[PDB]
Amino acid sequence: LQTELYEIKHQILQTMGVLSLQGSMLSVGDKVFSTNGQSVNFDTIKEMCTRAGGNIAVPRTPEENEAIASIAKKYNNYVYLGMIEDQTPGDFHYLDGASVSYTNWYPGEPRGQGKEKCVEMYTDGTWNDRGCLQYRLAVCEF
């Protein structure tokens, strides 16, 4: 059993290593980030991530944020994050409903005045509140 678990864990690290080495994904803690390289709107990204068994990416730590930023930088495009504006303007929540804890707004943001209910990440990693209909890099977390 112990010999079987080792082998299983070894093989997992091998496949994760291969995917990591080839830039197919980024591992941060227990979270894995990945993109299909496509630029689509918020609703479309949501579907793509869930179809793959994951969710539209959302950073909850500075290290997770930088990981997504590096992907945004790599593809030279902004990234829609897994959060939307509440009823009260300026207040945002994760898709499960919980209010956002970690934030990294670009100075002055959010200021869409309730008209920009989605959140995009600039290539430097800072956030901007934005309409949900733009074409943005699809980044998922697993």
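Throughout, rigid core stands for the largest set of C-alpha atoms superposing within 1.5 Å between the two forms. Each residue number is its position in the shown sequence, starting from 1.
- Once the rigid core is used to overlay the structures in 5 other deposited structures of this protein, the stretch among 71-79 and 107-115 whose CA atoms lie farther from this form is 107-115.
- For the pair 81-89 and 46-54, the mean B factor over Cα atoms is greater in 81-89.
- Annotation for 2-10 versus 132-140: the higher mean temperature factor (C-alpha) is found in 2-10.
- The entry lists C-alpha B-factors for 62, 114, 107, 37, and the highest of these is at 114.
- By the numbers in the PDB entry, the CA B factor is greatest at 99 among 103, 70, 99, 27.
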